[PDB]
């Protein structure tokens, strides 16, 4: 029986995530929602009327301790969704403050940070945990699953494949040119040069696509909830004893950057083993070398912040 906490539960991402988790967490699970917005207990009440064997509670107020206590997995969707400087000034401090409390209430929890900019918020979290002297790099993750599902959808669409069965690895970071989909590794599929360029570009700018369709009035919230649910369930299955392989931004062996997204074997302690991403085409190797300066910069910004 695992307990999953969703921080920032009142926002669009948070509510989509909470709804899917109430429906998909294994029977007997516990789900805790926290958000300073006073509507939070009501979001939990709303969801508590759904007949699944998953207990749910919601907390508002200025203290997330009730949600964090005994939490096995903590999904951070605090702050505001996405210029670059504004997003950072709001979200960086919010993540740092949460991480500080997480370090004391549930330092053994697996932490999945959804809050952007992920390339930087994960390092912020890591440094806060280190100052507390409880940092376990096997338990800190930047949720990059949205890049993965978007890639599966777009590839499946272009090649008339079943979107539910298509696998598209994605490595690197979670923004702009740092998002590197490994189209060369897609099983059974072959892409032309223009298809590689077109798909890579769309995957890297997919967020903008949604914002524009909303005429500037919002961002990708439902698909982000979907992606975070998928990652959250992967963590929970791993904690319960099943071997799970997933793509995420973690502190690996550091051949390219202190933090880098690649496949990982998940287990009872979080990351069980950092798995090499495999062979890359020339386009992918050039893409990787061309975004490392940006990725390492995003990381330094987070280290310097703490």
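Residue numbers count along the first chain shown, from 1.
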>> I'd like the number of residues from the deposited sequence that lie between residue 82 and residue 83 yet are not in the model, binned as none, 1 to 3, 4 to 9, or 10 or more.
In response: 4 to 9
>> Averaging CA B factors per stretch from the PDB record, which one is higher: 12-20 or 286-294?
In response: 286-294
> According to the deposited model, is the average Cα temperature factor higher in 91-99 or in 209-217?
Replying inline: 209-217
> Among 65, 55, 40, 253, which carries the highest Cα B-factor?
Replying inline: 253
>> In terms of recorded Cα temperature factor, pick the maximum from 171, 71, 198, 75.
In response: 198
> Taking the C-alpha B-factors as the PDB entry records them, is residue 160 in the lowest, middle or highest third of its chain?
Replying inline: highest
>> Splitting the chain's C-alpha B-factors into thirds, which one does residue 278 fall into?
In response: highest
>> Taking only the Cα B-factors deposited for this chain, tell me whether residue 306 sits in the lowest, middle or highest third.
In response: highest
>> Using the temperature factors of the C-alpha atoms in this entry, rank residue 231 within its chain: lowest, middle or highest third.
In response: lowest
> Which third of the chain does residue 26 land in by C-alpha B-factor: lowest, middle or highest?
Replying inline: middle
